[PDB]
>>> print(open('protein21.pdb').read())   # PDB, C-alpha atoms and all ligand atoms
ATOM      1  CA  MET A   1     -48.223 -13.982   1.329  1.00  0.00           C
ATOM      2  CA  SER A   2     -45.494 -16.242  -0.097  1.00  0.00           C
ATOM      3  CA  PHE A   3     -43.976 -16.611   3.386  1.00  0.00           C
ATOM      4  CA  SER A   4     -41.550 -19.522   3.278  1.00  0.00           C
ATOM      5  CA  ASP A   5     -38.370 -20.679   4.986  1.00  0.00           C
ATOM      6  CA  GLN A   6     -36.916 -21.273   1.493  1.00  0.00           C
ATOM      7  CA  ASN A   7     -37.108 -17.572   0.555  1.00  0.00           C
ATOM      8  CA  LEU A   8     -33.834 -15.647   0.267  1.00  0.00           C
ATOM      9  CA  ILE A   9     -32.989 -12.318   1.901  1.00  0.00           C
ATOM     10  CA  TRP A  10     -30.828 -10.114  -0.312  1.00  0.00           C
ATOM     11  CA  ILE A  11     -29.177  -7.089   1.279  1.00  0.00           C
ATOM     12  CA  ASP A  12     -26.728  -4.358   0.344  1.00  0.00           C
ATOM     13  CA  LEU A  13     -25.170  -1.676   2.544  1.00  0.00           C
ATOM     14  CA  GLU A  14     -23.344   1.513   1.590  1.00  0.00           C
ATOM     15  CA  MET A  15     -20.787   2.822   4.081  1.00  0.00           C
ATOM     16  CA  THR A  16     -18.399   5.695   4.731  1.00  0.00           C
ATOM     17  CA  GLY A  17     -15.504   3.256   4.390  1.00  0.00           C
ATOM     18  CA  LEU A  18     -14.219  -0.287   4.675  1.00  0.00           C
ATOM     19  CA  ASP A  19     -13.526  -0.554   8.412  1.00  0.00           C
ATOM     20  CA  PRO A  20     -16.541  -1.441  10.617  1.00  0.00           C
ATOM     21  CA  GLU A  21     -14.832  -0.074  13.716  1.00  0.00           C
ATOM     22  CA  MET A  22     -14.294   3.330  12.113  1.00  0.00           C
ATOM     23  CA  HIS A  23     -16.996   3.817   9.520  1.00  0.00           C
ATOM     24  CA  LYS A  24     -20.767   3.862   9.412  1.00  0.00           C
ATOM     25  CA  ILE A  25     -23.685   2.556   7.361  1.00  0.00           C
ATOM     26  CA  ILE A  26     -25.271   5.316   5.245  1.00  0.00           C
ATOM     27  CA  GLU A  27     -27.695   3.264   3.139  1.00  0.00           C
ATOM     28  CA  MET A  28     -29.467  -0.091   3.389  1.00  0.00           C
ATOM     29  CA  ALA A  29     -31.818  -1.976   1.104  1.00  0.00           C
ATOM     30  CA  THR A  30     -33.244  -5.480   1.085  1.00  0.00           C
ATOM     31  CA  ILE A  31     -35.014  -7.695  -1.439  1.00  0.00           C
ATOM     32  CA  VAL A  32     -36.724 -11.053  -0.889  1.00  0.00           C
ATOM     33  CA  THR A  33     -36.715 -13.672  -3.637  1.00  0.00           C
ATOM     34  CA  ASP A  34     -38.071 -17.166  -3.606  1.00  0.00           C
ATOM     35  CA  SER A  35     -35.622 -20.058  -3.884  1.00  0.00           C
ATOM     36  CA  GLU A  36     -35.802 -19.808  -7.692  1.00  0.00           C
ATOM     37  CA  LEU A  37     -34.685 -16.122  -7.566  1.00  0.00           C
ATOM     38  CA  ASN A  38     -38.083 -14.666  -8.516  1.00  0.00           C
ATOM     39  CA  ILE A  39     -38.249 -11.275  -6.828  1.00  0.00           C
ATOM     40  CA  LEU A  40     -41.159 -11.392  -4.374  1.00  0.00           C
ATOM     41  CA  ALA A  41     -40.950  -7.983  -2.674  1.00  0.00           C
ATOM     42  CA  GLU A  42     -38.591  -5.064  -2.234  1.00  0.00           C
ATOM     43  CA  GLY A  43     -37.891  -3.870   1.293  1.00  0.00           C
ATOM     44  CA  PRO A  44     -37.232  -0.412   2.731  1.00  0.00           C
ATOM     45  CA  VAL A  45     -34.605   1.632   0.855  1.00  0.00           C
ATOM     46  CA  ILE A  46     -33.165   3.711   3.679  1.00  0.00           C
ATOM     47  CA  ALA A  47     -30.582   6.477   3.637  1.00  0.00           C
ATOM     48  CA  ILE A  48     -29.331   6.555   7.221  1.00  0.00           C
ATOM     49  CA  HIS A  49     -28.525   9.909   8.776  1.00  0.00           C
ATOM     50  CA  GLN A  50     -24.901  10.512   9.795  1.00  0.00           C
ATOM     51  CA  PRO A  51     -23.359  13.772  11.089  1.00  0.00           C
ATOM     52  CA  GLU A  52     -20.693  15.626   9.113  1.00  0.00           C
ATOM     53  CA  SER A  53     -17.917  14.298  11.354  1.00  0.00           C
ATOM     54  CA  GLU A  54     -18.753  10.772  10.195  1.00  0.00           C
ATOM     55  CA  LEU A  55     -19.121  11.820   6.565  1.00  0.00           C
ATOM     56  CA  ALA A  56     -15.767  13.577   6.988  1.00  0.00           C
ATOM     57  CA  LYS A  57     -14.093  10.167   7.337  1.00  0.00           C
ATOM     58  CA  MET A  58     -14.846   9.327   3.700  1.00  0.00           C
ATOM     59  CA  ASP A  59     -11.893   9.059   1.351  1.00  0.00           C
ATOM     60  CA  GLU A  60     -11.956  10.410  -2.205  1.00  0.00           C
ATOM     61  CA  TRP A  61     -13.464   7.249  -3.675  1.00  0.00           C
ATOM     62  CA  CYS A  62     -16.350   7.183  -1.201  1.00  0.00           C
ATOM     63  CA  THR A  63     -16.811  10.954  -1.275  1.00  0.00           C
ATOM     64  CA  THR A  64     -17.103  11.190  -5.053  1.00  0.00           C
ATOM     65  CA  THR A  65     -19.059   7.936  -5.402  1.00  0.00           C
ATOM     66  CA  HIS A  66     -21.695   8.736  -2.800  1.00  0.00           C
ATOM     67  CA  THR A  67     -21.942  12.419  -3.701  1.00  0.00           C
ATOM     68  CA  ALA A  68     -22.423  11.838  -7.428  1.00  0.00           C
ATOM     69  CA  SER A  69     -25.137   9.249  -6.749  1.00  0.00           C
ATOM     70  CA  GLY A  70     -27.139  11.704  -4.646  1.00  0.00           C
ATOM     71  CA  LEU A  71     -26.739   9.505  -1.551  1.00  0.00           C
ATOM     72  CA  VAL A  72     -24.762  12.073   0.471  1.00  0.00           C
ATOM     73  CA  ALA A  73     -27.543  14.636   0.060  1.00  0.00           C
ATOM     74  CA  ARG A  74     -30.110  12.007   1.091  1.00  0.00           C
ATOM     75  CA  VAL A  75     -27.995  11.123   4.122  1.00  0.00           C
ATOM     76  CA  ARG A  76     -27.784  14.769   5.196  1.00  0.00           C
ATOM     77  CA  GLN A  77     -31.557  15.179   4.743  1.00  0.00           C
ATOM     78  CA  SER A  78     -32.504  11.852   6.354  1.00  0.00           C
ATOM     79  CA  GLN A  79     -34.223  11.687   9.736  1.00  0.00           C
ATOM     80  CA  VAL A  80     -33.760   7.919  10.104  1.00  0.00           C
ATOM     81  CA  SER A  81     -31.212   6.427  12.524  1.00  0.00           C
ATOM     82  CA  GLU A  82     -29.681   2.955  12.447  1.00  0.00           C
ATOM     83  CA  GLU A  83     -32.164   1.635  15.018  1.00  0.00           C
ATOM     84  CA  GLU A  84     -35.144   2.934  13.043  1.00  0.00           C
ATOM     85  CA  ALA A  85     -33.660   1.433   9.881  1.00  0.00           C
ATOM     86  CA  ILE A  86     -33.333  -1.894  11.739  1.00  0.00           C
ATOM     87  CA  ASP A  87     -36.947  -1.660  12.928  1.00  0.00           C
ATOM     88  CA  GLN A  88     -38.234  -0.895   9.424  1.00  0.00           C
ATOM     89  CA  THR A  89     -36.202  -3.679   7.822  1.00  0.00           C
ATOM     90  CA  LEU A  90     -37.225  -6.326  10.380  1.00  0.00           C
ATOM     91  CA  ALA A  91     -40.907  -5.413  10.104  1.00  0.00           C
ATOM     92  CA  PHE A  92     -40.539  -5.956   6.357  1.00  0.00           C
ATOM     93  CA  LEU A  93     -38.589  -9.217   6.538  1.00  0.00           C
ATOM     94  CA  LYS A  94     -40.915 -10.859   9.072  1.00  0.00           C
ATOM     95  CA  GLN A  95     -43.659 -10.855   6.433  1.00  0.00           C
ATOM     96  CA  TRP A  96     -41.684 -12.890   3.909  1.00  0.00           C
ATOM     97  CA  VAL A  97     -39.061 -15.141   5.603  1.00  0.00           C
ATOM     98  CA  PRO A  98     -38.882 -16.645   9.124  1.00  0.00           C
ATOM     99  CA  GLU A  99     -36.043 -15.710  11.440  1.00  0.00           C
ATOM    100  CA  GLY A 100     -32.752 -17.562  11.091  1.00  0.00           C
ATOM    101  CA  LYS A 101     -33.584 -19.384   7.839  1.00  0.00           C
ATOM    102  CA  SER A 102     -32.152 -17.389   4.957  1.00  0.00           C
ATOM    103  CA  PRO A 103     -28.419 -17.082   4.331  1.00  0.00           C
ATOM    104  CA  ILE A 104     -27.225 -13.566   3.713  1.00  0.00           C
ATOM    105  CA  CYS A 105     -27.273 -13.006  -0.058  1.00  0.00           C
ATOM    106  CA  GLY A 106     -25.407 -10.495  -2.213  1.00  0.00           C
ATOM    107  CA  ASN A 107     -22.042  -9.609  -3.754  1.00  0.00           C
ATOM    108  CA  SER A 108     -19.063  -9.914  -1.370  1.00  0.00           C
ATOM    109  CA  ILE A 109     -21.722 -10.088   1.316  1.00  0.00           C
ATOM    110  CA  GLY A 110     -19.170 -10.943   3.997  1.00  0.00           C
ATOM    111  CA  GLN A 111     -18.171  -7.278   4.110  1.00  0.00           C
ATOM    112  CA  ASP A 112     -21.779  -6.179   4.686  1.00  0.00           C
ATOM    113  CA  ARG A 113     -22.170  -8.813   7.399  1.00  0.00           C
ATOM    114  CA  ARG A 114     -19.199  -7.330   9.287  1.00  0.00           C
ATOM    115  CA  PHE A 115     -21.023  -4.008   9.351  1.00  0.00           C
ATOM    116  CA  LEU A 116     -24.224  -5.726  10.483  1.00  0.00           C
ATOM    117  CA  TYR A 117     -22.360  -7.523  13.294  1.00  0.00           C
ATOM    118  CA  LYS A 118     -20.942  -4.213  14.517  1.00  0.00           C
ATOM    119  CA  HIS A 119     -23.723  -1.713  13.845  1.00  0.00           C
ATOM    120  CA  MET A 120     -26.983  -3.740  13.489  1.00  0.00           C
ATOM    121  CA  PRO A 121     -26.567  -7.000  15.435  1.00  0.00           C
ATOM    122  CA  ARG A 122     -30.345  -7.432  15.835  1.00  0.00           C
ATOM    123  CA  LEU A 123     -30.598  -7.514  12.048  1.00  0.00           C
ATOM    124  CA  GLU A 124     -27.566  -9.762  11.578  1.00  0.00           C
ATOM    125  CA  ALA A 125     -29.268 -12.218  13.936  1.00  0.00           C
ATOM    126  CA  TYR A 126     -32.157 -12.568  11.467  1.00  0.00           C
ATOM    127  CA  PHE A 127     -29.965 -14.400   8.953  1.00  0.00           C
ATOM    128  CA  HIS A 128     -28.843 -17.999   8.908  1.00  0.00           C
ATOM    129  CA  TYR A 129     -25.105 -18.300   9.451  1.00  0.00           C
ATOM    130  CA  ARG A 130     -24.350 -19.237   5.843  1.00  0.00           C
ATOM    131  CA  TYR A 131     -23.570 -16.846   2.978  1.00  0.00           C
ATOM    132  CA  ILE A 132     -24.764 -16.833  -0.613  1.00  0.00           C
ATOM    133  CA  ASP A 133     -22.065 -14.748  -2.260  1.00  0.00           C
ATOM    134  CA  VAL A 134     -22.638 -14.218  -5.968  1.00  0.00           C
ATOM    135  CA  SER A 135     -19.024 -13.061  -6.352  1.00  0.00           C
ATOM    136  CA  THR A 136     -17.906 -16.572  -5.404  1.00  0.00           C
ATOM    137  CA  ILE A 137     -19.488 -17.731  -8.669  1.00  0.00           C
ATOM    138  CA  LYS A 138     -18.046 -14.756 -10.582  1.00  0.00           C
ATOM    139  CA  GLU A 139     -14.538 -15.666  -9.436  1.00  0.00           C
ATOM    140  CA  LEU A 140     -14.842 -19.335 -10.357  1.00  0.00           C
ATOM    141  CA  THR A 141     -16.206 -18.434 -13.794  1.00  0.00           C
ATOM    142  CA  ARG A 142     -13.336 -16.002 -14.369  1.00  0.00           C
ATOM    143  CA  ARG A 143     -10.927 -18.901 -13.807  1.00  0.00           C
ATOM    144  CA  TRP A 144     -12.773 -21.754 -15.521  1.00  0.00           C
ATOM    145  CA  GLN A 145     -14.357 -20.060 -18.551  1.00  0.00           C
ATOM    146  CA  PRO A 146     -13.777 -16.291 -18.394  1.00  0.00           C
ATOM    147  CA  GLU A 147     -15.313 -15.676 -21.834  1.00  0.00           C
ATOM    148  CA  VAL A 148     -18.717 -16.234 -20.205  1.00  0.00           C
ATOM    149  CA  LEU A 149     -18.300 -13.001 -18.251  1.00  0.00           C
ATOM    150  CA  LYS A 150     -18.354 -10.894 -21.421  1.00  0.00           C
ATOM    151  CA  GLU A 151     -22.076 -11.719 -21.815  1.00  0.00           C
ATOM    152  CA  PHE A 152     -23.053  -9.857 -18.629  1.00  0.00           C
ATOM    153  CA  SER A 153     -22.523  -6.232 -17.609  1.00  0.00           C
ATOM    154  CA  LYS A 154     -23.129  -4.272 -14.413  1.00  0.00           C
ATOM    155  CA  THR A 155     -23.730  -0.549 -14.018  1.00  0.00           C
ATOM    156  CA  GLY A 156     -22.478  -0.505 -10.408  1.00  0.00           C
ATOM    157  CA  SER A 157     -24.109   2.730  -9.236  1.00  0.00           C
ATOM    158  CA  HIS A 158     -23.681   2.175  -5.456  1.00  0.00           C
ATOM    159  CA  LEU A 159     -27.331   2.876  -4.858  1.00  0.00           C
ATOM    160  CA  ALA A 160     -28.155  -0.011  -2.523  1.00  0.00           C
ATOM    161  CA  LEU A 161     -31.392  -1.192  -4.159  1.00  0.00           C
ATOM    162  CA  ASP A 162     -30.065  -1.028  -7.714  1.00  0.00           C
ATOM    163  CA  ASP A 163     -26.924  -2.854  -6.645  1.00  0.00           C
ATOM    164  CA  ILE A 164     -28.909  -5.730  -5.079  1.00  0.00           C
ATOM    165  CA  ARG A 165     -31.098  -5.899  -8.165  1.00  0.00           C
ATOM    166  CA  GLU A 166     -27.912  -6.287 -10.206  1.00  0.00           C
ATOM    167  CA  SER A 167     -26.708  -9.034  -7.846  1.00  0.00           C
ATOM    168  CA  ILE A 168     -29.906 -11.035  -8.390  1.00  0.00           C
ATOM    169  CA  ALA A 169     -29.644 -10.459 -12.150  1.00  0.00           C
ATOM    170  CA  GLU A 170     -26.025 -11.637 -12.046  1.00  0.00           C
ATOM    171  CA  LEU A 171     -26.920 -14.882 -10.271  1.00  0.00           C
ATOM    172  CA  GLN A 172     -29.822 -15.397 -12.695  1.00  0.00           C
ATOM    173  CA  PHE A 173     -27.326 -15.070 -15.538  1.00  0.00           C
ATOM    174  CA  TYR A 174     -24.978 -17.617 -13.927  1.00  0.00           C
ATOM    175  CA  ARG A 175     -27.710 -20.188 -13.399  1.00  0.00           C
ATOM    176  CA  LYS A 176     -28.261 -20.323 -17.130  1.00  0.00           C
ATOM    177  CA  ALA A 177     -24.661 -19.691 -18.200  1.00  0.00           C
ATOM    178  CA  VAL A 178     -22.461 -21.762 -15.852  1.00  0.00           C
ATOM    179  CA  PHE A 179     -24.846 -24.023 -13.899  1.00  0.00           C
ATOM    180  CA  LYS A 180     -26.613 -27.101 -15.244  1.00  0.00           C
ATOM    181  CA  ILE A 181     -29.170 -27.377 -12.426  1.00  0.00           C
TER     182      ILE A 181
HETATM  183 NA    NA B 201     -22.074  -4.047  -1.865  1.00  0.00          NA
END
>>> encode(input="protein21.pdb", output="structure tokens")
Amino acid sequence: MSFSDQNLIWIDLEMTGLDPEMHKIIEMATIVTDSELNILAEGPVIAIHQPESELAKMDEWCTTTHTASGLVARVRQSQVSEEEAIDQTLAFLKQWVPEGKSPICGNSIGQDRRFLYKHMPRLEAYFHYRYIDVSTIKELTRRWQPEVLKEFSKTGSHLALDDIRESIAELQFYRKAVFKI
């Protein structure tokens, strides 16, 4: 409906660990905003099935985090593979943003892009090569006027959709708090 090459694709992944060569994607979510950060549509929220041997690579931090959130139980119950998750996500995105136009948007989104390169290259290809990393702005604010950061709080639940929603809210806060455009 509001299909435009100015729209922004927001994405978050949850993984069994930090190393793309070793670990696996267990959840994915996407959100599309317009260029002014108004949320236009939320994409598929997909817990991706992984066998126990892949879940068994998780360290204590990932095990407790993803178990307490209910994600591990959703992963075990899920019947959706990476390729099906890719198919679902691309069928969503093609309705809102053309291929190759939106930078990848999120918090420390470079780490997610590594997992996309390795495990979902067809989806990585959908993004423009640039990055919109909200944590870049967080870091500069911490150094230039850290007191600003006390006016914003994150829950940080590691549920992919809630975490992207918090990323958009964080950038919305910065536009009023540290930007003048
Ligand atoms: Na993340």
>>> closest_atom_pairs(input="protein21.pdb", of="range 18-84 of chain A", to="range 171-181 of chain A", cutoff="10 Å", atoms="all atoms listed in the file", output="JSON lines")
{"residue": "A:36", "atom": "CA", "partner": "A:172", "partner_atom": "CA", "distance": 9.0}
{"residue": "A:37", "atom": "CA", "partner": "A:172", "partner_atom": "CA", "distance": 7.1}
{"residue": "A:38", "atom": "CA", "partner": "A:172", "partner_atom": "CA", "distance": 9.3}
>>> resolve_selection(input="protein21.pdb", expression="the PyMOL selection byres (((chain A and resi 11-26) around 8) and not hetatm)", output="VMD selection string")
chain A and resid 9 to 10 27 to 31 47 to 50 54 to 55 57 to 59 62 75 82 104 to 106 109 112 114 to 115 118 to 119 158 to 161 163 to 164
>>> closest_residue(input="protein21.pdb", among="A:135, A:102, A:78, A:145", to="ligand NA 201 (chain B)", atoms="only C-alpha atoms and all ligand atoms")
A:135
>>> atom_distance(input="protein21.pdb", atom1="CA of residue 8 in chain A", atom2="CA of residue 142 in chain A")
25.2 Å
>>> closest_residue(input="protein21.pdb", among="A:103, A:46, A:143, A:61", to="residue 85 in chain A", atoms="all atoms listed in the file")
A:46
>>> closest_residue(input="protein21.pdb", among="A:113, A:2, A:90, A:169", to="ligand NA 201 (chain B)", atoms="only C-alpha atoms and all ligand atoms")
A:113
>>> atom_distance(input="protein21.pdb", atom1="CA of residue 72 in chain A", atom2="CA of residue 111 in chain A")
20.8 Å
>>> residues_around(input="protein21.pdb", residues="residue 154 in chain A", least_positions_apart="6", cutoff="9 Å", atoms="all atoms listed in the file", output="PDB file with C-alpha atoms, in the coordinates of the input")
ATOM      1  CA  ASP A 163     -26.924  -2.854  -6.645  1.00  0.00           C
ATOM      2  CA  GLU A 166     -27.912  -6.287 -10.206  1.00  0.00           C
ATOM      3  CA  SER A 167     -26.708  -9.034  -7.846  1.00  0.00           C
ATOM      4  CA  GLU A 170     -26.025 -11.637 -12.046  1.00  0.00           C
TER       5      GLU A 170
END
>>> closest_residue(input="protein21.pdb", among="A:74, A:92, A:130, A:51", to="residue 32 in chain A", atoms="all atoms listed in the file")
A:92
>>> closest_residue(input="protein21.pdb", among="A:35, A:136, A:107, A:88", to="ligand NA 201 (chain B)", atoms="all atoms listed in the file")
A:107
>>> closest_residue(input="protein21.pdb", among="A:128, A:100, A:45, A:139", to="residue 71 in chain A", atoms="all atoms listed in the file")
A:45
>>> decode(input="protein21.pdb", residues="range 17-50 of chain A", atoms="N, CA and C atoms", output="PDB file, in the first residue's frame")
ATOM      1  N   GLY A  17      24.281 -18.550  19.482  1.00  0.00           N
ATOM      2  CA  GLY A  17      25.609 -18.102  19.839  1.00  0.00           C
ATOM      3  C   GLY A  17      26.063 -16.996  18.909  1.00  0.00           C
ATOM      4  N   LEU A  18      27.320 -16.601  19.091  1.00  0.00           N
ATOM      5  CA  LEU A  18      27.880 -15.431  18.429  1.00  0.00           C
ATOM      6  C   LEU A  18      28.627 -15.740  17.138  1.00  0.00           C
ATOM      7  N   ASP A  19      28.862 -17.006  16.826  1.00  0.00           N
ATOM      8  CA  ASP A  19      29.756 -17.363  15.732  1.00  0.00           C
ATOM      9  C   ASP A  19      28.932 -17.917  14.579  1.00  0.00           C
ATOM     10  N   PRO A  20      28.815 -17.193  13.460  1.00  0.00           N
ATOM     11  CA  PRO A  20      27.973 -17.674  12.347  1.00  0.00           C
ATOM     12  C   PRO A  20      28.360 -19.044  11.835  1.00  0.00           C
ATOM     13  N   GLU A  21      29.638 -19.395  11.913  1.00  0.00           N
ATOM     14  CA  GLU A  21      30.098 -20.660  11.364  1.00  0.00           C
ATOM     15  C   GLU A  21      29.701 -21.828  12.249  1.00  0.00           C
ATOM     16  N   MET A  22      29.377 -21.561  13.503  1.00  0.00           N
ATOM     17  CA  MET A  22      29.103 -22.595  14.480  1.00  0.00           C
ATOM     18  C   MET A  22      27.646 -22.641  14.886  1.00  0.00           C
ATOM     19  N   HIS A  23      26.990 -21.496  14.922  1.00  0.00           N
ATOM     20  CA  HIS A  23      25.705 -21.355  15.565  1.00  0.00           C
ATOM     21  C   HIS A  23      24.634 -21.159  14.513  1.00  0.00           C
ATOM     22  N   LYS A  24      23.394 -21.030  14.976  1.00  0.00           N
ATOM     23  CA  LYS A  24      22.245 -21.079  14.085  1.00  0.00           C
ATOM     24  C   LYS A  24      21.250 -20.007  14.491  1.00  0.00           C
ATOM     25  N   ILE A  25      20.454 -19.563  13.523  1.00  0.00           N
ATOM     26  CA  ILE A  25      19.337 -18.654  13.788  1.00  0.00           C
ATOM     27  C   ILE A  25      18.166 -19.452  14.356  1.00  0.00           C
ATOM     28  N   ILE A  26      17.618 -18.995  15.490  1.00  0.00           N
ATOM     29  CA  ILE A  26      16.446 -19.629  16.088  1.00  0.00           C
ATOM     30  C   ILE A  26      15.214 -18.728  16.089  1.00  0.00           C
ATOM     31  N   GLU A  27      15.359 -17.420  15.888  1.00  0.00           N
ATOM     32  CA  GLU A  27      14.182 -16.591  15.677  1.00  0.00           C
ATOM     33  C   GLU A  27      14.504 -15.449  14.719  1.00  0.00           C
ATOM     34  N   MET A  28      13.490 -15.003  13.983  1.00  0.00           N
ATOM     35  CA  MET A  28      13.622 -13.851  13.100  1.00  0.00           C
ATOM     36  C   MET A  28      12.338 -13.042  13.142  1.00  0.00           C
ATOM     37  N   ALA A  29      12.476 -11.722  13.099  1.00  0.00           N
ATOM     38  CA  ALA A  29      11.321 -10.854  12.937  1.00  0.00           C
ATOM     39  C   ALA A  29      11.751  -9.660  12.100  1.00  0.00           C
ATOM     40  N   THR A  30      10.782  -9.050  11.429  1.00  0.00           N
ATOM     41  CA  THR A  30      11.033  -7.863  10.638  1.00  0.00           C
ATOM     42  C   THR A  30       9.913  -6.867  10.865  1.00  0.00           C
ATOM     43  N   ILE A  31      10.251  -5.586  10.733  1.00  0.00           N
ATOM     44  CA  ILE A  31       9.278  -4.499  10.741  1.00  0.00           C
ATOM     45  C   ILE A  31       9.653  -3.544   9.620  1.00  0.00           C
ATOM     46  N   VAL A  32       8.653  -2.980   8.948  1.00  0.00           N
ATOM     47  CA  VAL A  32       8.868  -1.930   7.960  1.00  0.00           C
ATOM     48  C   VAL A  32       8.365  -0.617   8.543  1.00  0.00           C
ATOM     49  N   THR A  33       9.203   0.415   8.509  1.00  0.00           N
ATOM     50  CA  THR A  33       8.769   1.775   8.784  1.00  0.00           C
ATOM     51  C   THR A  33       8.893   2.601   7.514  1.00  0.00           C
ATOM     52  N   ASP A  34       8.234   3.754   7.507  1.00  0.00           N
ATOM     53  CA  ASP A  34       8.557   4.725   6.481  1.00  0.00           C
ATOM     54  C   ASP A  34       9.853   5.423   6.874  1.00  0.00           C
ATOM     55  N   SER A  35      10.276   6.384   6.052  1.00  0.00           N
ATOM     56  CA  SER A  35      11.518   7.100   6.309  1.00  0.00           C
ATOM     57  C   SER A  35      11.455   7.944   7.573  1.00  0.00           C
ATOM     58  N   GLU A  36      10.256   8.249   8.064  1.00  0.00           N
ATOM     59  CA  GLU A  36      10.090   9.051   9.266  1.00  0.00           C
ATOM     60  C   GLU A  36       9.907   8.191  10.508  1.00  0.00           C
ATOM     61  N   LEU A  37      10.089   6.876  10.380  1.00  0.00           N
ATOM     62  CA  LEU A  37      10.079   5.871  11.442  1.00  0.00           C
ATOM     63  C   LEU A  37       8.669   5.484  11.880  1.00  0.00           C
ATOM     64  N   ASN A  38       7.632   5.930  11.181  1.00  0.00           N
ATOM     65  CA  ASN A  38       6.289   5.434  11.452  1.00  0.00           C
ATOM     66  C   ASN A  38       6.192   3.966  11.071  1.00  0.00           C
ATOM     67  N   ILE A  39       5.762   3.132  12.013  1.00  0.00           N
ATOM     68  CA  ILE A  39       5.691   1.701  11.750  1.00  0.00           C
ATOM     69  C   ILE A  39       4.533   1.433  10.805  1.00  0.00           C
ATOM     70  N   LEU A  40       4.847   0.889   9.632  1.00  0.00           N
ATOM     71  CA  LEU A  40       3.860   0.609   8.594  1.00  0.00           C
ATOM     72  C   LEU A  40       3.245  -0.780   8.719  1.00  0.00           C
ATOM     73  N   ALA A  41       4.050  -1.785   9.045  1.00  0.00           N
ATOM     74  CA  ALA A  41       3.601  -3.169   9.050  1.00  0.00           C
ATOM     75  C   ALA A  41       4.620  -3.998   9.803  1.00  0.00           C
ATOM     76  N   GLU A  42       4.145  -5.034  10.480  1.00  0.00           N
ATOM     77  CA  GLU A  42       5.034  -5.978  11.132  1.00  0.00           C
ATOM     78  C   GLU A  42       5.047  -7.262  10.320  1.00  0.00           C
ATOM     79  N   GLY A  43       6.245  -7.821  10.135  1.00  0.00           N
ATOM     80  CA  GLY A  43       6.430  -8.996   9.315  1.00  0.00           C
ATOM     81  C   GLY A  43       6.283 -10.276  10.107  1.00  0.00           C
ATOM     82  N   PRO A  44       6.573 -11.412   9.475  1.00  0.00           N
ATOM     83  CA  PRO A  44       6.481 -12.697  10.183  1.00  0.00           C
ATOM     84  C   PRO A  44       7.412 -12.740  11.387  1.00  0.00           C
ATOM     85  N   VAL A  45       6.894 -13.241  12.513  1.00  0.00           N
ATOM     86  CA  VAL A  45       7.682 -13.499  13.720  1.00  0.00           C
ATOM     87  C   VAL A  45       7.872 -15.003  13.792  1.00  0.00           C
ATOM     88  N   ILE A  46       9.079 -15.486  13.510  1.00  0.00           N
ATOM     89  CA  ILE A  46       9.273 -16.898  13.184  1.00  0.00           C
ATOM     90  C   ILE A  46      10.313 -17.498  14.113  1.00  0.00           C
ATOM     91  N   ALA A  47       9.881 -18.444  14.940  1.00  0.00           N
ATOM     92  CA  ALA A  47      10.801 -19.324  15.654  1.00  0.00           C
ATOM     93  C   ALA A  47      11.215 -20.436  14.697  1.00  0.00           C
ATOM     94  N   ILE A  48      12.511 -20.600  14.503  1.00  0.00           N
ATOM     95  CA  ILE A  48      13.034 -21.491  13.478  1.00  0.00           C
ATOM     96  C   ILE A  48      13.466 -22.782  14.151  1.00  0.00           C
ATOM     97  N   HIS A  49      12.947 -23.903  13.666  1.00  0.00           N
ATOM     98  CA  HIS A  49      13.285 -25.183  14.267  1.00  0.00           C
ATOM     99  C   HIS A  49      14.777 -25.478  14.159  1.00  0.00           C
ATOM    100  N   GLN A  50      15.351 -25.974  15.257  1.00  0.00           N
ATOM    101  CA  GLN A  50      16.711 -26.496  15.307  1.00  0.00           C
ATOM    102  C   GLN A  50      16.721 -27.770  16.148  1.00  0.00           C
TER     103      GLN A  50
END
